[PDB]
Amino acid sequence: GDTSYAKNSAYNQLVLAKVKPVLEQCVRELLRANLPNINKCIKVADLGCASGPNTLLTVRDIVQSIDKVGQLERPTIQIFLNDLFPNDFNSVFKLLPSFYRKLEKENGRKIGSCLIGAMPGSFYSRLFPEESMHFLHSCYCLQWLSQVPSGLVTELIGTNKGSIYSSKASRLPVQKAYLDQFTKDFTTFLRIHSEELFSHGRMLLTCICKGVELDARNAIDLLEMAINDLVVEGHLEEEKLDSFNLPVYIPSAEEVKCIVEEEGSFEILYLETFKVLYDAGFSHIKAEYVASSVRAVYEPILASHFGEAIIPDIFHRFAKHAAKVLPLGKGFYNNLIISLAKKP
């Protein structure tokens, strides 16, 4: 589709390009760590696999990373694609036949040696039997909380005026509520997924993290500005904004690390941050290209609260704010890659 996630990735390919060498070194160390039955079958999942061409590009990179180490007879790889229950697994599955052909042709890997299946559900709950997995990988998912912060939901709400998440501009109780939820969720994710890994198993996480720059503007800041424009210009109802809170938290790298250390199950092997500028994969209606990217992510949740009607409007104003920031290199996400090993 014209507006779909499948046709509106490609910034994601630049992220994946950064992850790749970390991934390769991560699996290199994991194959020499010699876990149970690893030279026979390696068991792997991707948590938050989504649906487009990008999902099989991650699998491709994971498989290539494992095969690269072969420099004996290739180990079987069993890969589980995880995502929520309503994800479009059907569209991924239909693409499998040609994908497996590509592997045979381009990679030397015989059909049946790479077994790709799905395990749907929340990655804040158990997905796999205790000590069954060698390697878990997640990219661009951990910003999504299990729920709107429970302080804005169970406690007594529309306390986050003019915003849709916790900015640096947000009131103290708003930041606290979002951090508390992140902390709960990430600690649960770490605990739960350590239980699934054999000892010395590994996780590789790539997450959006807080930018340092003053004047920097991420996609959520730009969205927030876009919606504020519509309330100020009479178009949107303005307690509709105050009652809208994304279930998203963008941590700081320091906050991610503290929680890993507090949780206690994982040793941190590697940590790095990197920016990707929103217009980096492009060729200045590059602002419109960015607006389409963000919409492919945020349209469903936005639509269901604000109505299908104002979305064109949201992403028109969005483009205007993007256009101001791109020429300065101020429109980006900052990112964090972290390699963990399960401690014995």
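In case it trips you up, residue 1 is the first one in the sequence shown, and so on.
A.B. asks: Answer with none, 1 to 3, 4 to 9, or 10 or more: how many deposited residues between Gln71 and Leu72 are not present in the coordinates.
C.D. replies: Per the deposited record, the segment joining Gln71 and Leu72 lacks coordinates for 4 to 9 residues.
A.B. asks: Out of 106-114 and 137-145, which one has CA B-factors that are higher on average in the deposited record?
C.D. replies: Per the PDB record, 106-114.
A.B. asks: If you take the mean CA temperature factor per stretch, which one wins between 253-261 and 236-244?
C.D. replies: Higher mean C-alpha B-factor: 236-244.
A.B. asks: Just to confirm, going by the entry's C-alpha B-factors, which of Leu81, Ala169, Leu190, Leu205 comes out highest?
C.D. replies: That would be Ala169.
A.B. asks: Per the entry, which of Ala45, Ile62, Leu277, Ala33 tops the list for Cα B factor?
C.D. replies: Out of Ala45, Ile62, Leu277, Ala33, the record gives the largest C-alpha B-factor to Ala33.
A.B. asks: Among the modelled residues of its chain, does the C-alpha B-factor of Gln181 lie in the lowest, middle or highest third?
C.D. replies: Lowest third of the chain for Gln181's C-alpha B-factor.
A.B. asks: Based on the entry's values, in what third of the chain does the Cα temperature factor of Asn334 lie: lowest, middle or highest?
C.D. replies: According to the entry, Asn334 has a C-alpha B-factor in the chain's lowest third.
A.B. asks: Using only modelled residues of the chain, where does the Cα B factor of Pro97 rank: lowest third, middle third or highest third?
C.D. replies: Within its chain, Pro97 is a lowest-third residue by C-alpha B-factor, going by the deposited values.
A.B. asks: Once the chain's modelled residues are ordered by C-alpha B factor and cut into thirds, is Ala216 in the lowest, middle or highest one?
C.D. replies: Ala216: CA B-factor falls in the middle third of its chain.
A.B. asks: Lowest, middle or highest third: where is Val22 by Cα B-factor in its chain?
C.D. replies: CA B-factor rank for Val22: lowest third.
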